[PDB]
Amino acid sequence: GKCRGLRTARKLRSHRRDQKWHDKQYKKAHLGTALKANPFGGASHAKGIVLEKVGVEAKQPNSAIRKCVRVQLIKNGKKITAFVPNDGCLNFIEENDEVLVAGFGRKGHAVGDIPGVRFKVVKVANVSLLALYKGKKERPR
Amino acid sequence: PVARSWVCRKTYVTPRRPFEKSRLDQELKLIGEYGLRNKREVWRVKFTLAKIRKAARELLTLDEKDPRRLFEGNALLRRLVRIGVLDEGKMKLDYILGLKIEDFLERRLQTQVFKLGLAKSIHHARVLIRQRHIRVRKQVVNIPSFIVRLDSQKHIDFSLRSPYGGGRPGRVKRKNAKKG
Amino acid sequence: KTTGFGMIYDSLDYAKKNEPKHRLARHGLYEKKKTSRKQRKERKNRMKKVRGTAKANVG
Amino acid sequence: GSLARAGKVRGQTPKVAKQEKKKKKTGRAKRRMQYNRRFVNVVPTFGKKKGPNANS
Amino acid sequence: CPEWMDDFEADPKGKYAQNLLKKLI
RNA sequence: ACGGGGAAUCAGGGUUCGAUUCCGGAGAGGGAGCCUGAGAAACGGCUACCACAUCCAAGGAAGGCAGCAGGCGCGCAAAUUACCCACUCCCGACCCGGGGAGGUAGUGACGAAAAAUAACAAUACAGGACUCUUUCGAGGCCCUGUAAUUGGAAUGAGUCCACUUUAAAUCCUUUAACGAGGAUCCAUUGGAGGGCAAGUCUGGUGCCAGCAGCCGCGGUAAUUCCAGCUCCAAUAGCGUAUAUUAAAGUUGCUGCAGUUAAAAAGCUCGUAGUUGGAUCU
Ligand SMILES: [Mg+2]
Ligand SMILES: [Mg+2]
Ligand SMILES: [Mg+2]
Ligand SMILES: [Mg+2]
Ligand SMILES: [Mg+2]
Ligand SMILES: [Mg+2]
Ligand SMILES: [Mg+2]
Ligand SMILES: [Mg+2]
Ligand SMILES: [Mg+2]
Ligand SMILES: [Mg+2]
Ligand SMILES: [Mg+2]
Ligand SMILES: [Mg+2]
Ligand SMILES: [Mg+2]
Ligand SMILES: [Mg+2]
Ligand SMILES: [Mg+2]
Ligand SMILES: [Mg+2]
Ligand SMILES: [Mg+2]
Ligand SMILES: [Mg+2]
Ligand SMILES: [Mg+2]
Ligand SMILES: [Mg+2]
Ligand SMILES: [Mg+2]
Ligand SMILES: [Mg+2]
Ligand SMILES: [Mg+2]
Ligand SMILES: [Mg+2]
Ligand SMILES: [Mg+2]
Ligand SMILES: [Mg+2]
Ligand SMILES: [Mg+2]
Ligand SMILES: [Mg+2]
Ligand SMILES: [Mg+2]
Ligand SMILES: [Mg+2]
Ligand SMILES: [Mg+2]
Ligand SMILES: [Mg+2]
Ligand SMILES: [Mg+2]
């Protein structure tokens, strides 16, 4: 059982922080290795240069080709695979063009079918992908 | 450094469960019955009632002879009686916990304008208020969410600069009379 | 209704002594200089670069 | 895999123009209609409570 | 609706089971 | 990691944030050393060295925006090279001069408050309740709506005189004149299998394209994709990414667990620590 005496505050506090270090989320947030290894560097979004268009096999129970792009982040040069969400949207992207990339939705964890992919393209050449998809804006020339 | 103030509040809170049949139906009933624009007005009234209930609950746990309890309980009861939500014969603190949202919704200028017969519907009442046809005492009131004080209720008129009260025809009457 | 403030002075000379200049200008009893803040500031900083009498020779 | 099929289905979908329609009420008046549709005059009841979009 | 009970009982574990159960309650 | 006053969330206990307008501290590209002064180790003072960098007639000279604007760069990420000392106050020899302190506008969906996008009458009815009659009917009391059916009323969004505002203006408020039937003066953003509110309607595709936070949907009859129609959630706002809080009694002081789900040291001794039997009016 736990100590319960009136003079046990230091024991309780020290035990709580030591055991707190055994929590996955707490250790991830406070250890500093996760932030160092994060390609975004703790940012919500990032900007990168499209290196090549790639097709990724969907996971086994469902068969499909997910259209992604290899991007090189400007701020640190790290290379990333980012998912281009809607259909035909890969045709809006060219080679060696500016792209704004965001997270995929689960804090650096792969989402759904696409394996080892945790980023999605938000902007292509400073115009939103949604606007291009819905015909609100056209690709700048 | 500037000479500005930054005190501000949120007047409503949002429900934790966004989609549930009972809450949605009850809110829609209130909106339709009192001619409200959206659910934010319902949540605003709910928030004021919740703050009042929280203050009353804080006061109840105090001692009956505690001067703070006496002072702020008297103030709260007098504020609630003054706007017409509470009855003077029910001026005990616990009765505050018996108040409902419809009591606060009935004291709006929109519903009172409808009840006094100045308008033939709650929506007609809202458009009458927003169109500067309604005055309270001598001040033309433009805000539907104007909680009418109990003493101020007897002075709600048609705003004698308006066509319905002051007999000056508006744009449409003037144009249609020029066509003759 | 409208609400404002008013002053009635015992004499016009007292008003000219005690009133703020812009309120006198509203009545036409005062006129402001036509220079700008930038004009005066640049003239001052130019005059700061010259010695005694030549200060009056720059404008 | 191959990226040649990238806008296939959206490309082959036949275009259908949106029909012209009246404007929908906004604000208090829209909420009024909804209140009238859901709470004012609903007499029929056969123990089913068909949804607002019961196509079948 | 009795049709809901029938469509659920035909395939208690199927593409439409969850919707029909939600309708039943 | 500048510290506090404080902020977000929160039943109770807590967790997280606090560069940021108030108080205190530090610094003026990096160190160091000083003059003057009541008060600096002052940088919109000076003297050097280090790093940058300006003009040069090549001998020399001059630098310090983490002040206000503004530019570059960095980036996911942030406004005008505007007007004024009229207000608040400060400085001076001073009732008088000065103040990018400060005030006023500009940009501004950070965020917070209020709040339009229609109301009514008549018809005609899906119509319904209410009502007598015997079924029709009658019931013309009350309500709702296809109403591209009618009808006049009311308005501010705009345009725009004049005041008022103000240092001068702008805005708001006040008032002339004009200003609404698709009142086209036309609300959007997300969804419609479950979680979770709302279509196993129609057309296209056919494990493709894609959707899908999770479970899953798609392999020729797709309630899930691409669209039409319809529907619903919030609404002048609503999606998305990320940090964080509640949910988490999944850090457990309140208040968790350790036979088999993760878990009691192989066993005993033992310092510190923690805890420690009655009893005194
Ligand atoms: Mg630091
Ligand atoms: Mg801190
Ligand atoms: Mg700070
Ligand atoms: Mg910092
Ligand atoms: Mg300070
Ligand atoms: Mg210093
Ligand atoms: Mg610098
Ligand atoms: Mg120094
Ligand atoms: Mg400087
Ligand atoms: Mg200084
Ligand atoms: Mg600057
Ligand atoms: Mg840039
Ligand atoms: Mg910003
Ligand atoms: Mg001044
Ligand atoms: Mg002065
Ligand atoms: Mg300033
Ligand atoms: Mg402007
Ligand atoms: Mg936003
Ligand atoms: Mg707001
Ligand atoms: Mg106006
Ligand atoms: Mg839609
Ligand atoms: Mg659809
Ligand atoms: Mg759902
Ligand atoms: Mg449902
Ligand atoms: Mg999604
Ligand atoms: Mg779905
Ligand atoms: Mg938490
Ligand atoms: Mg809890
Ligand atoms: Mg557990
Ligand atoms: Mg085990
Ligand atoms: Mg053992
Ligand atoms: Mg011991
Ligand atoms: Mg003892």
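Hydrogens, waters and symmetry mates are skipped; everything else that's a heavy atom, side chains included, is used. Chain A is the first sequence line, chain B the second, and so forth, proteins listed ahead of strands; every chain is numbered from 1.
- Note on B/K173: only backbone sugar-phosphate atoms sit closer than 4.0 angstrom, heavy atoms only; bases stay farther off.
- Base pairing analysis places F/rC160 opposite nothing; no Watson-Crick or G-U wobble pair with both distances below 3.5 Å involves it.
- Atom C1' of nucleotide F/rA221 and atom OH of E/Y16 are separated by 9 Å, given to the nearest angstrom.
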### Message
Between B/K54 and B/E58, is the salt bridge (charged side-chain N to carboxylate O under 4.0 Å, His left out) condition met? List the steps.
### Response
CA-CA 6 Å; B/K54 221 195 69 167; B/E58 203 296 89; over 6 Å; no

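- Remark: F/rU15 base-pairs with F/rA8. Criterion, Watson-Crick or G-U wobble with two distances under 3.5 Å.
- The separation between B/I129 atom CD1 and F/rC120 atom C1' is 16 Å, rounded to whole Å.
- The phosphate of F/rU275 (OP1 or OP2) has a side-chain N or O of A/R7 nearer than 4.0 angstrom.
- Paired with B/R135 under the rule side-chain contact (heavy atoms from CB on, under 4.5 Å), one option of B/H133, B/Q139, B/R132, B/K138 passes, and it is B/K138.
- For an aromatic pair to be called close, the ring centres must be under 6.0 Å apart, and C/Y9 with C/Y14 fails this.
- Whole-Å rounding puts the E/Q18 CD to F/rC215 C1' distance at 8 Å.
- To the nearest angstrom, P of F/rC172 lies 15 Å from CG of B/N142.
- Phosphate contact (OP1/OP2 of F/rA180, side-chain N/O of B/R171, threshold under 4.0 Å): present.
- No Watson-Crick or G-U wobble pair links F/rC196 with F/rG276 when both atom distances must be under 3.5 Å.
- For the pair D/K23 and F/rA118, the criterion of a side-chain N or O lying under 4.0 Å from OP1 or OP2 is met.
- Taking the six-membered ring where the residue is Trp, B/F158 and B/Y164 present tilted rings, their angle falling between 30° and 60°.
- Here F/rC52 sits opposite F/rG63 as a true base pair, Watson-Crick or G-U wobble, both distances under 3.5 Å.
- Atom NZ of D/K25 and atom P of F/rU144 are 15 Å apart (whole Å).
- Nucleotides F/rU189 and F/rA233 qualify as a pair under the Watson-Crick or G-U wobble definition, both contacts being shorter than 3.5 Å.
- Nearest heavy atoms, A/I114 versus A/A110: O-CB, 3.9 Å.
- Nearest heavy-atom pair, E/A17 versus E/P12, reported as atom, atom and distance to 0.1 Å: CB-O, 3.2 Å.
- D/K50 has no side-chain polar atom (N or O) that falls below the 4.0 Å cut-off from OP1 or OP2 of F/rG199.
- The side chain of B/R4 places no N or O atom within less than 4.0 Å of a non-bridging phosphate oxygen (OP1 or OP2) of F/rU21.
- Distances from the side chain of E/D7 to the nucleotides F/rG127, F/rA116, F/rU200 place F/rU200 closest.
- If you check F/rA26 against F/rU81, you find neither a Watson-Crick nor a G-U wobble pair with both contacts below 3.5 Å.
- Across all strands shown, F/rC95 has no partner, as no Watson-Crick or G-U wobble contact with both distances under 3.5 Å is found.
- Annotation: A/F119 is in aromatic contact with A/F40 [ring centroid separation under 6.0 Å].
- Set against F/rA187, F/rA115, F/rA154, the side chain of B/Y164 has F/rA154 as its closest nucleotide.
- Taking every side-chain heavy atom of D/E20 into account, F/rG182 is the closest of F/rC76, F/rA227, F/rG182.
- Between F/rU268 and F/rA32 there is no base pair of the Watson-Crick or G-U wobble kind with both donor-acceptor distances below 3.5 Å.
- In terms of position on RNA chain F, the residue among A/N86 and A/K107 whose nearest nucleotide sits closer to the 5' end is A/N86.
- The side chain of B/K175 places no N or O atom within less than 4.0 Å of a non-bridging phosphate oxygen (OP1 or OP2) of F/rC178.
- Annotated as syn: F/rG31, whose glycosidic dihedral is within 90° of 0.
- Considering A/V124, A/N126, A/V71 as possible partners of A/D97, the one that fulfils the side-chain contact (heavy atoms from CB on, under 4.5 Å) test is A/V124.
- For F/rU244, the base adopts the anti conformation, since its glycosidic angle falls more than 90 degrees from zero.
- In this structure, the nucleotide among F/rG190, F/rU235, F/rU251 sitting nearest to the side chain of B/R40 is F/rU235.
- Because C1'-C2'-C3'-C4' is positive for F/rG151, its sugar is assigned to the north class.
- We find that the ring of A/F40 and the base of F/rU242 do not stack by the test of centres under 5.5 angstrom and planes tilted less than 30°.
- Interface remark: the D/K30 side chain does form a donor-acceptor pair with the F/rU235 base, using a distance-only criterion of under 3.5 Å.
- A positive value of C1'-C2'-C3'-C4' puts the sugar of F/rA19 in the north, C3'-endo-like family.
- A Watson-Crick or G-U wobble pair links F/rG45 with F/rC34, both defining distances under 3.5 Å.
- Residue-to-nucleotide proximity on RNA chain F shows that, of A/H22 and B/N176, the 5′-proximal contact is made by B/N176.
- F/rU144 and F/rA126 are base-paired, meeting the Watson-Crick or G-U wobble geometry with both donor-acceptor distances under 3.5 Å.
- For D/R37, a side-chain nitrogen or oxygen approaches OP1 or OP2 of F/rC232 to under 4.0 Å.
- A Watson-Crick or G-U wobble pair links F/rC217 with F/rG210, each of its two atom distances being under 3.5 Å.
- Atom NZ of A/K75 and atom P of F/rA77 are 10 Å apart (whole Å).
- With hydrogens and angles ignored, no donor-acceptor pair closer than 3.5 Å exists between the side chain of B/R16 and the base of F/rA247.
- Checking F/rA48 for Watson-Crick or G-U wobble geometry (two distances, each under 3.5 Å) identifies no partner in any strand.
- Across the strands present, F/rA119 finds no partner; the criterion is a Watson-Crick or G-U wobble pair with both atom distances under 3.5 angstrom.
- Across all strands, E/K15 comes closer than 4.0 Å to base atoms (heavy-atom distances).
- At the phosphate of F/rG127, neither OP1 nor OP2 sits under 4.0 Å from any side-chain N or O atom of D/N41.
- Of the listed nucleotides (F/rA153, F/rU155, F/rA212), F/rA212 has the atom at the smallest distance from the side chain of A/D113.
- Considering only side-chain atoms of B/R132, the nucleotide from F/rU174, F/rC84, F/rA177 that sits closest is F/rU174.
- In this structure, F/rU88 forms a base pair with F/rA101, meeting either the Watson-Crick or the G-U wobble geometry with both donor-acceptor distances under 3.5 Å.
- Distances shorter than 4.0 Å separate some side-chain N or O of E/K22 from OP1 or OP2 on F/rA197.
- Counting any heavy atom pair closer than 4.0 Å across all strands shown, B/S121 reaches sugar-phosphate atoms only and no base atom.
- Phosphate contact (OP1/OP2 of F/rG190, side-chain N/O of A/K134, threshold under 4.0 Å): present.
- Between B/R174 and F/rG152 there is no side-chain polar atom (N or O) within less than 4.0 angstrom of OP1 or OP2.
- Nucleic acid contact class of A/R66 (heavy atoms, under 4.0 Å, all strands): base.
- D/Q12 and D/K8 form a side-chain donor-acceptor contact under 3.5 Å, judged by distance and modelled atom types alone.
- Listed nucleotides: F/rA118, F/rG145, F/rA168. Nearest to the side chain of D/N36: F/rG145.
- Judged by the 3.5 Å cutoff on both pairing distances, F/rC211 and F/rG216 qualify as a Watson-Crick or G-U wobble pair.
- Remark: the bases of F/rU251 and F/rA105 do not meet in a Watson-Crick or G-U wobble pair with both edge contacts under 3.5 Å.
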